[PDB]
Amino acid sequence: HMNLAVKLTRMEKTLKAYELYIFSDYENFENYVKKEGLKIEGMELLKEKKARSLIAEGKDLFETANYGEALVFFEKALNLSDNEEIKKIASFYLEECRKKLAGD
């Protein structure tokens, strides 16, 4: 259109996504990026950091015997990252949660 005007709007959008990351929470950031369909430099690393956070939360749930919620966090962590360590730790805890919730 005006190639200038378009690059400006995509810059503005990218800046808003980073502002949300910096000044609000991951959920706001992720929701903005998803519904605006943004390509964000370093998004993979940010996703891995969230996935490790999710493990951490899932662990404290696990260690307080909130096995049902813990499962949910580990599952989310597993599927958010492609980090092998994160996926391994998640999968390990997921199966422990499944054992705790089995009954059988």
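Residue indices: 1-based, along the sequence shown.
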Looking at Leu46, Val33, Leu71, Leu54, which has the highest CA B-factor as recorded? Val33
Grab the CA temperature factor for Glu75 from the record and place it in the lowest, middle or highest third of its chain. middle
Could you say whether, by C-alpha temperature factor, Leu61 belongs to the lowest, middle or highest third of its chain? lowest
Would you mind checking where the Cα B-factor of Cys97 ranks among the modelled residues of its chain, as the lowest, middle or highest third? middle
CA B-factor ranking of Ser91, expressed as a third of its chain: middle
Temperature factor at the Cα of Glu84, chain-ranked in thirds, falls in the lowest
